[PDB]
Amino acid sequence: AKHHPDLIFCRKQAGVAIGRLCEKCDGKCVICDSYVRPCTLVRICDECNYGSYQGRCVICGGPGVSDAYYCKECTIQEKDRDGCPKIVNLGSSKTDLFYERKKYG
Amino acid sequence: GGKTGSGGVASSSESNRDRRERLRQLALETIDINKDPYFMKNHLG
Amino acid sequence: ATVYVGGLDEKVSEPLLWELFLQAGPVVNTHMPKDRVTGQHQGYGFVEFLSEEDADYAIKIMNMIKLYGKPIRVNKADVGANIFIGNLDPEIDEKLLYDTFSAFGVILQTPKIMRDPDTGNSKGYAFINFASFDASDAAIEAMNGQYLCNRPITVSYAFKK
Amino acid sequence: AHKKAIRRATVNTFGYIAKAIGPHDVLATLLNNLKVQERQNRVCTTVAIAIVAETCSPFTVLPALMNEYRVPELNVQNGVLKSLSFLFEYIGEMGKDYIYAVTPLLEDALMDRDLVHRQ
Amino acid sequence: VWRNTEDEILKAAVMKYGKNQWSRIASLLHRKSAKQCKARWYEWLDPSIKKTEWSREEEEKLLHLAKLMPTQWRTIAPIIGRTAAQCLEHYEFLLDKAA
Amino acid sequence: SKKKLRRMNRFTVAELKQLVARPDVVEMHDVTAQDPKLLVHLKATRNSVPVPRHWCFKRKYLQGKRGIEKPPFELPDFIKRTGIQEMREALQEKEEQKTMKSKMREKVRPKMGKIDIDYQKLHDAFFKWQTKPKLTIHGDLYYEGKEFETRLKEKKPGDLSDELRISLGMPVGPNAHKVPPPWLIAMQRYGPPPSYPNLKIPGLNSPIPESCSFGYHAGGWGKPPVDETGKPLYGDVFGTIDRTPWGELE
Ligand SMILES: [Mg+2]
Ligand SMILES: [Zn+2]
Ligand SMILES: [Zn+2]
Ligand SMILES: [Zn+2]
């Protein structure tokens, strides 16, 4: 996601396991963060696909429901060729909002 | 008491846009009232 | 290499000035150092064109150059100081006449041939204001009675209207 | 709304009702929104103009965008720029007809009016 | 609090509208009420209020009064010509410089 | 200091300007580069593009563009033809006359189809009346103030203009060639200016431009310069393959 500079990709070698999206995350690209003309499917690292990690949102991490794609722009600049694009770190914002809430109510 | 045929009351966005316009006409007024040579409005408002 | 743009037309910009200097020669600088308040050109301007003979033929060509209609003077950088002239040639031109008589003084009037409106040929008469009355003395003394273009000249200080 | 599902759906239905009616009236009420001040609504109207233009062909809505870029506010000039960003990404390969209409606007914006103009 | 920018917009509003229409003046500002606009004008912004230093006549007054009518600053104040907050801070000031 | 040993390595600017094949290219600080011979060789390669002017400037870039006032964007001609401009002006003035009451009232009872514009004119404007603007060739970077340069290197007298001829008292338009500027009279009198041996005068050193007339009344081209034998003074004042494109649409 081109929006939050604080996060990081697995970046390790590809596989054959298609990638899946949570319902919040459904429909967007995984790097370009677009909403349009999706072209190719996502393939994820075996490690980042092993065990509990099967069938989750690459981005969200929740329960995967749909297959992730790459926009035509990522496909043309070949940014789909870098191996597992799973964000392997939670970020500041998740725990931040969580704590603001758990204080609020 | 009210009157019929009216529209509603403006939402925050329209009220704030009208506030900004009013604040602009105010300042053009007082800038004239002080005959200020030195002020200009550029093309970004 | 330096040229004085006098009579520099009130609105004739450095664009027109240097575009005329470039159309004649290697225009390396034109400048109207002007009235530091009104911004309009100073009625006096300094233009450097690198070549001396360029500046020379430029001054030769830019006499009576009509910037904003008014003749703009390019040269080296009204008490009645005029000479009237009789026995003039109808084959004469005013630019050529300024080139001829101007060595005794610059052209503070362009040499007007007193010619009728009916046909358009000269009547043998003309008038032009020089720079000085001493200039009128020199010009009319070195041009008095001598052989002009076609009719031997006859020139004296101006009779006024 | 604070929820992104609602705003996405809202923009889509601006597209649909532009398909039912013509584009002009919905597009006029959408340039007016670029006169607001909170950014989330203006970014969502910027995506809605892109959608209207892509459903009903871009040649209908371009002259009105390019003209709206002449009104003296920061937020509406960035509104029409961001709207073109979205529009060109949506229409994709058919950009090749409007690229020449657009470029004189972009060079004009890339000679600054603001940091955000150039961005 | 109040910022130079609000203050100058207030001054201009008041100078156009007058000192009894606080509700439209309060409509001109964001995050400000008519109660607060009025309080600010009559506490600090009014050009009748003087922000100088105390003539020692003014300070002998302040001391004499603040002893004769103790704790009554809105009553003391007009008898000497500055607002109650100024009188009060400057009075504590003399008290501690004297202590 | 080993820093000062690297400084002992630092050629003088004339050292550099000497060794390298093109010295013009060498600027001041070029000496301070950890590879000055490379740097200058790369500055002398064809078709490359020099760094932007403002890397040293202490003010930032168009933050300096700041001061003056600017006219609004100017629409292309092929978009003016369709008249969208005056349309949207009319609505802007109407809505500025509107007050909050009437604004909400039309939010609740719209005036549908108040005004319109036709298609097929938008369609002709984009698919049949479009034109290529003037583009910039490779390497013309922009900098603050590029657009307030009139032009330069225009050494040719034949290039006339409209404001020029107007405030000359000469006509612009199709009769520009038949319109003689104030310079041609003294051109025929004492040659072209002596930096321009190689300028040819319309009507004085070259033939009459088509449908212009040699003559000495108002609007003519004089008595053409020639010698006492009959040979013109400059040029000729009286006017003594298969370039088809190869694969092109019918
Ligand atoms: Mg009633
Ligand atoms: Zn998700
Ligand atoms: Zn993408
Ligand atoms: Zn992985």
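Cβ atoms come from the backbone with ideal geometry, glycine included; neighbour counts cover every protein chain shown. Each value in this text was obtained by applying a stated rule to the coordinates, not by laboratory testing.
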- By Cβ neighbour count within 10 Å, fewest first, D:66, F:100 rank F:100, D:66
- Task: Calculate the dipole size of the protein assembly as shown relative to its Cα centre from +1 charges on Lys and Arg beta carbons and -1 charges on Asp and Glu beta carbons; express the result in debye to the nearest 20.
- Result: 4320
- Projected area, mean over directions - the range E:1-49, Cα convex hull, nm²: 3.1
- Message: If the reach is capped at under 26 angstrom between alpha carbons, list the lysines near residue F:128, excluding any in the same chain fewer than eight residues apart.
- Response: D:19, D:96, F:80
- Relative to the compact globular guide of 2.2 N^0.38 Å, what is the alpha carbon radius of gyration of the range E:8-99, as a ratio? 1.32
- Query: residue E:42 label point, 7 Å along Cα→Cβ, cut-off 19 Å on backbone N: hits in the range E:79-93?
  - Reply: E:79-88
- Item | Separation in nanometres of the label points that stand 7 Å from Cα toward Cβ, at residue A:82 and residue F:35 | 2.7
- Between residue A:57 and residues 5 or more places away or on another chain, the pairs with built amide H atoms under 5 Å apart involve A:22, A:62, A:64
- Note on the structure: Note on the protein assembly as shown, DSSP bridge orientation, antiparallel percent to nearest 5 equals 95
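With 10 angstrom as the radius, rank C:61, C:92 by how many other C-beta atoms surround their C-beta, starting from the fewest.
Ascending Cβ contact count within 10 Å gives the list C:92, C:61.
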- Per the 1/(1 + (r/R0)^6) rule, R0 = 51 Å and r from the Cβ atoms of residue C:42 and residue D:13, FRET efficiency to 0.05 is 0.15
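Per DSSP H run of at least 4 residues, take -39500 (n - 2.57); add these up for chain E, divide by its residues and hand me the 222 nm value, nearest 500 deg cm²/dmol.
-18000 deg cm²/dmol
Where the eigenvalues come from the Cα gyration tensor of chain B, what are the semi-axes √(5λ) of the equivalent ellipsoid, largest first, in whole Å?
Details: eigenvalues 223, 37, 9 Å².
Output for chain B: semi-axes of 33, 14, 7 Å.
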- Item | Paired Rg and Dmax values of the protein assembly as shown, which use every Cα atom, in angstrom | 39.7, 124
- Task: Anything over 21 Å Cα to Cα? Flag those among A:12/A:94; D:82/F:107; A:28/A:72, in the order listed.
- Result: A:12/A:94; D:82/F:107
- Item | Per-residue mean of C-beta atoms belonging to partner chains within 10 Å, peptide C:94-100 | 2
- Item | Net +/- balance of residues flanking residue A:53 in space, Cβ distance below 11 Å, scoring K and R +1, D and E -1 | +1
- Count the net charge of all other residues whose Cβ sits under 14 Å from the Cβ of residue A:27, scoring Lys and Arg as +1 and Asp and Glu as -1. +3
- With Cβ to Cβ distances under 12 Å as the rule, what net charge do the other residues near residue C:64 carry (K, R +1; D, E -1)? +4
- If one compares the long axis through the Cα atoms of helix E:84-98 with the longest principal axis of the Cα atoms of chain E, the angle in degrees, nearest 10, works out at 30
- Message: Given the DSSP H assignment, sum -39500 (n - 2.57) over each helix run of at least 4 residues in chain C and divide by its residue total; what's the result at 222 nm in deg cm²/dmol, nearest 500?
- Response: -7500 deg cm²/dmol
- Spacing of the two label points (7 Å from each Cα toward its C-beta) at residue D:28 and residue E:59, in nm: 7.2
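Pop out the Kirkwood hydrodynamic radius of the range F:1-106 from its pairwise C-alpha distances, inverse of mean 1/r, in Å to one decimal.
20.3
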- Message: Among F:211, D:63, C:139, which residue has its Cα furthest toward the positive end of the charge dipole of the protein assembly as shown, with +1 on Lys/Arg Cβ and -1 on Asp/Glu Cβ?
- Response: D:63
- Item | Percentage, to the nearest whole number, of Cα pairs in chain A over 17 Å apart | 53
- Residue order, fewest to most beta carbons within 10 Å, for C:20, A:97, F:91: A:97, F:91, C:20
- So what is the 222 nm mean residue ellipticity for chain F from helices alone, if each DSSP H run of at least 4 adds -39500 (n - 2.57) and you divide by all residues, rounding to the nearest 500 deg cm²/dmol? -8000 deg cm²/dmol
